[PDB]
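Worksheet: the structure to be examined is printed underneath.
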Amino acid sequence: XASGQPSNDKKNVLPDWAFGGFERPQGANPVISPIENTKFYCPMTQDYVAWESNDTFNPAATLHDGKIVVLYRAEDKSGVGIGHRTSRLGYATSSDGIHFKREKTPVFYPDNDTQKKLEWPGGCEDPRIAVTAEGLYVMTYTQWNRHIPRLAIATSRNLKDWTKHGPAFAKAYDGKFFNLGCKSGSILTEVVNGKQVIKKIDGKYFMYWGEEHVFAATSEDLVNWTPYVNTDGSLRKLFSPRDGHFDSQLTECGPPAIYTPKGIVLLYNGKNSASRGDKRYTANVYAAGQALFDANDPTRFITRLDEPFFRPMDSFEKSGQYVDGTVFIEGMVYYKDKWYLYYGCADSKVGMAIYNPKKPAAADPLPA
Ligand SMILES: OC[C@H]1O[C@@H](O)[C@@H](O)[C@@H](O)[C@@H]1O
Ligand SMILES: OC[C@H]1O[C@H](O)[C@@H](O)[C@@H](O)[C@@H]1O
């Protein structure tokens, strides 16, 4: 029989620099689920497809015209396995971050355009959105053609009319990384006069990126990015998965990075290795971490959380299309003086949670 002693409890204490806890609002989640009946005339297919009928997940989030806007990854029924459908982005708006008005057709999708060899048939996956102080939204996303996933950039002033600029790493180093399999780009931002905007460091834009390791890149124009490289020209690893912890197979960038008085915070997704990971957590689960970098030297790693701050807790987080579970963190909005987090739930649903700095919740508990 348990005795309920405090010193044996499952608290998960955060360092002072870390965001959280993020509390799921009672009864709210999932906030975006598939809809069977909504059809789209696909300009590639030349017929109507049920574009959000399978799974709706891995979302971007931003602020526009006084509302939270989410662009959600939506998959059709054009194939069975993971990565075998076509991904297109849905559009939804909310004044409370919980109840959304969705558009019935997608806003971003593969088309008869400059990117068709890179985006057909897999489409456009896993967006992250940040905005300049001058009002240009910058989207990082994955192009998927069933051969190589590529990290790419699109821009817009209104979140509807998007210009595709192609792979982020197309141009640098005489095209060395054009064919690099890559994804998950977190541009550096800062809250200025209450609004989260893209932030320059040393006169250039900055992005953390990657799935298997955390890498970095700079840009002068927000579309052509130059990775940081080692002496021999290989990609320079800022940090990597580690034995014994939740972030043991992958350390995959999450939402845009945030410049704070303690340093730059990168919120990211860890995948737990069955062989090398933390056996207190489910093998192969994705659970979220945070890393701190030097404010004056953005590639200089300081520390990371030892335990995830947010992990699968509800049924639709614990299992779904991705059977081993995810809380795949990807969007954040500073809104009404709180932080609204948007995440994929097991590659199937969209969830949200709120960190209120004035009334902070606990982090998700240890299993342990
Ligand atoms: O990018 C191609 C595919 O890569 C897989 O590992 C998953 O991330 C899929 O959701 C994606 O469709
Ligand atoms: O399938 C789990 C997970 O795989 C990748 O590592 C991610 O980039 C996401 O696309 C997806 O949510």
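Excluded from the calculations below are hydrogen atoms, water molecules and symmetry mates; all remaining heavy atoms, backbone and side chain alike, are included. We're numbering straight along the sequence, starting at 1. Atoms within each ligand, like the ligands themselves, are counted from 1 in listed order.
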Option with minimal heavy-atom separation from atom 5 (C) of ligand 1, where the choices are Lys183, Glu75, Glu125: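 Ranked by closest heavy atom to atom 5 (C) of ligand 1, first place is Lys183.
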Worked verdict on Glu52 versus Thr38 for side chain to side chain donor-acceptor pair (under 3.5 Å): CA-CA 7 Å; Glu52 58 177 354; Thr38 40; 2.7 Å; yes
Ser87-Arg73 side chain donor-acceptor pair, cut-off 3.5 Å: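 There is such a pair (donor and acceptor under 3.5 Å, judged by atom type) between the side chains of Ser87 and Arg73.
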Check: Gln196/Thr189 side-chain N/O donor and acceptor closer than 3.5 Å: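 Yes, because at least one side-chain N or O of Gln196 sits under 3.5 Å from a partner of the opposite role on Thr189.
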Heteroatom distance test (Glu211, ligand 2): nitrogen or oxygen, under 3.5 angstrom: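 Yes - when backbone and side-chain N and O of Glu211 are compared with those of ligand 2, one distance drops under 3.5 Å.
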Contact (N/O only, under 3.5 Å) between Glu252 and ligand 2: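 Right, the criterion is met.
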Mind checking whether [X] contacts ligand 2 via backbone (N, CA, C, O), side chain (CB onward), both or neither, at a 4.0 Å heavy-atom cut-off?
X: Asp347; answer: side chain
X: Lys271; answer: neither
X: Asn269; answer: neither

ring-ring contact (aromatic ring centres under 6.0 Å, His included) partner of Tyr343, the single match among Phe310, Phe309, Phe328, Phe57: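 Of all the options given, the one that passes is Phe310.
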Close aromatic pair by centroid cut-off 6.0 Å: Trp209 and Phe215: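 Ring-ring flag for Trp209/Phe215: true, centres closer than 6.0 Å.
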Ring center gap for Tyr268 and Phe239 short of 6.0 angstrom: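 That pair passes the under 6.0 Å test.
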Heavy-atom check, side chain of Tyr259 versus side chain of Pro298, under 4.5 Å: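 The answer is no, as the side chains (C-beta and beyond) never meet within the 4.5 Å cut-off.
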Ligand-side contact atoms (ligand 2) for residue partner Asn58, heavy atom cut-off under 4.0 Å: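 Taking each heavy atom of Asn58 in turn, ligand 2 has 9 (C), 10 (O), 11 (C), 12 (O) under 4.0 Å.
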Interfacing atoms of ligand 2 (cut-off 4.0 Å, heavy-atom, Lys183):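 Heavy-atom distances to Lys183 below 4.0 Å select 8 (O).
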4.0 Å heavy-atom contact, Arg73 with ligand 2: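 Right, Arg73 reaches ligand 2.
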Residue-ligand contact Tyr286/ligand 2, heavy atom below 4.0 Å: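 Per 4.0 Å heavy-atom rule, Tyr286 contacts ligand 2.
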Test side-chain hydrogen bond (donor to acceptor under 3.5 Å, both in side chains) applied to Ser184 and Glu125, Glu211, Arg128, the passing residue: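 Of all the options given, the one that passes is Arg128.
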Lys/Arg cation over aromatic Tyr286: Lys271, 6.0 Å, 45° cone: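 Ring-cation test returns no.
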Nearest protein heavy atom with distance in Å, relative to atom 10 (O) of ligand 2: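 Ranked first by proximity to atom 10 (O) of ligand 2 is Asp126 OD2, 2.7 Å.
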Proximity to ligand 1 by part of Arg73, non-hydrogen separation under 4.0 Å: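 Looking at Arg73 and ligand 1, just side chain atoms fall under 4.0 Å.
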Close-contact set for ligand 1 against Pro149 heavy atoms, below 4.0 Å: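 Taking each heavy atom of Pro149 in turn, ligand 1 has 1 (O) under 4.0 Å.
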